[PDB]
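First comes one chain, alone, set out as structure tokens in the form deposited in one PDB entry.
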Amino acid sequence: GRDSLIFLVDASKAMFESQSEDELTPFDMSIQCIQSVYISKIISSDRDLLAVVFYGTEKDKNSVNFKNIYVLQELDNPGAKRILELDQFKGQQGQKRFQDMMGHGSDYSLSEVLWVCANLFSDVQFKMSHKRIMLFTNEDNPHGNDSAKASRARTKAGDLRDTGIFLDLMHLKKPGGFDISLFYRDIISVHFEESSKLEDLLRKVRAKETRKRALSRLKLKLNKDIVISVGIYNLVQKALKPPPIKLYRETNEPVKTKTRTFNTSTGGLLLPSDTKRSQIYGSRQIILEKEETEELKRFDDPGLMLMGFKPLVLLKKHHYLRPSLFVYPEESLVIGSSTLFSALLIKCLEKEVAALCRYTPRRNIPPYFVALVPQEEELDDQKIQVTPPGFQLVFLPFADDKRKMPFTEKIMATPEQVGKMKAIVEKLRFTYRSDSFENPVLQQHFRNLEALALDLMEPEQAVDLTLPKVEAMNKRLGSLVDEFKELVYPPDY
């Protein structure tokens, strides 16, 4: 039930060389990217196990005493101290702390390195699912000068693949470029391009820090006989402030909580079949059994029932009701599902049509109409999948979810006023990215926990990225504001 991710970092000489730029060294980039995954995994209460290994170091630390391999952090749940530890190698001062604590630029043999990593998976007392190793290096030919090592590394790499361990390569920039065909083509389990900016390394790593996890596997019925299986995923989910937990003052140990129900008179425990459900209207009571309150909610069996196809232009942008889901074929339940799915996708795209369906997530839930909107795959310049291929499950509001509002005369602005506003709009133009803002509230909450768990001098204060940069904006706008006002607001306002 717990996936495993080992972060493996190259400590060779070139990992600490920026290559003359206003950019971080591949090593700093790597450390910072690893901290990120550690922290995000905490923000979302992820139960995966993380590990941190370095190789090419002068100092070694592993159960078999293989040389130049340092297991900084064995596989375990992330915490405050482990994160704080990684921060010690951040930046230029970090570089100095790492090199003085472990040394760098020493020799090594990838085979020995991969053996140590595989062994960390075996030492896990917990049961595991996915076993993955993420390698960070800007060296594309480790043993191009030592066949005895190159050969052992390929064999071990192959043994990993046969053994169920996945090795992903997070290749970093190198003069002339990083050539995967030279060596790693036969090791890793179109590929991402090399990373040269933290941003890119982060997304590529984020794209793999967590494995797919369906919100539900359902049947998509074209009719009663033609049924395919699909996975429903939430590519977006509102990260909430983790709920509190009750502890025992004298030991800070978590406490279990049992909620029972008893007759007030006798004090006897009340079975679920010893109580009924009531609703009072006016001066009349209507009694139903628990079983019946659920039954009146029953309509369709869980699934997606195809209603037909509706042209996309008929679906309004302003009818949003709640976050959309993502639909992808689940070949593991119904063999043949992907082919039909792909066809539906290809054709819905050509005809700019959506598949209308009646949706029921689980048993005993009234249905909601949804529009499966065709979504074509999209990769950016780094070869990162920005948009996964499939269908956007768009929830449609029932008439009850719509609200009316009275409108007075339509008052429109003149070309001269719109022009002034246009000029203002163009001044405060910027490039929006779905991941540019952080949640002020969540961030502060964990900064606070950090200060308490690590006994820091003070709680770091989060930077509210949602607040407008007022002063900057004012200067950037100049007199456009006063101008706009003269065209719109009577001095007597």
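The first residue of the sequence shown is number 1, and the count goes up from there. Each form is matched to the other, and the largest set of C-alpha atoms that superpose within 1.5 Å is called the rigid core.
Trainee: Of the other PDB entries compared that resolve residues on either side of residue 21, does at least a third omit it?
Mentor: Across the other compared entries, residue 21 is absent from at least a third.
Trainee: Does a third or more of the other compared entries skip modelling residue 127?
Mentor: It is, since residue 127 is left out of at least a third of the other entries that model both flanking stretches.
Trainee: With respect to the deposited sequence, how many residues separating residue 189 from residue 190 are not represented by coordinates: none, 1 to 3, 4 to 9, or 10 or more?
Mentor: The entry has 4 to 9 unmodelled residues between residue 189 and residue 190.
Trainee: So, looking at the entry's B-factor column for Cα atoms, which has the higher mean, 408-416 or 112-120?
Mentor: That would be 408-416.
Trainee: Which of the two stretches, 211-219 or 155-163, shows the higher mean Cα temperature factor in the record?
Mentor: Of 155-163 and 211-219, the stretch with the higher C-alpha B-factor average is 211-219.
Trainee: Reading the B-factor column of the entry, which of 59, 427, 41, 445 has the highest value at its C-alpha atom?
Mentor: Each of 59, 427, 41, 445 was compared by C-alpha B-factor; the highest is 427.
Trainee: Per the entry, which of 401, 300, 200, 140 tops the list for Cα B factor?
Mentor: Answer, based on the entry's C-alpha B-factors: 200.
Trainee: Per the entry's values, where does residue 106 land by CA temperature factor relative to the rest of its chain, in the lowest, middle or highest third?
Mentor: Lowest third, going by the recorded CA B-factors of the chain.
Trainee: Lowest, middle or highest third: where is residue 278 by C-alpha B factor in its chain?
Mentor: It falls in the top third of the chain.
Trainee: Within this chain's modelled residues, let me know which third the CA B factor of residue 361 belongs to: lowest, middle or highest.
Mentor: Tercile = middle for this residue's CA B-factor.
Trainee: If you rank the chain by CA B-factor, which third does residue 439 end up in: lowest, middle or highest?
Mentor: As the PDB entry reports it, the C-alpha B-factor of residue 439 lands in the middle third of its chain.
Trainee: Mind checking which third residue 234 falls in for C-alpha B-factor across the chain?
Mentor: According to the entry, residue 234 has a C-alpha B-factor in the chain's lowest third.
Another form, the form deposited in another entry, is not on view; read the next lines as being about it.
Trainee: Would you say whether residue 243 is displaced between the shown form and the other one, judging by a C-alpha shift of 2 Å or more on the superposed rigid core?
Mentor: No, the C-alpha moves less than 2 Å.
Trainee: Look at residue 281 and decide if its Cα position differs by 2 Å or more between the shown form and the other one after superposing on the rigid core.
Mentor: Yes.
Trainee: By the 2 angstroms cut-off, has the C-alpha of residue 409 moved between the shown form and the other one once the rigid core is superposed?
Mentor: Passes the 2 Å threshold, so yes.
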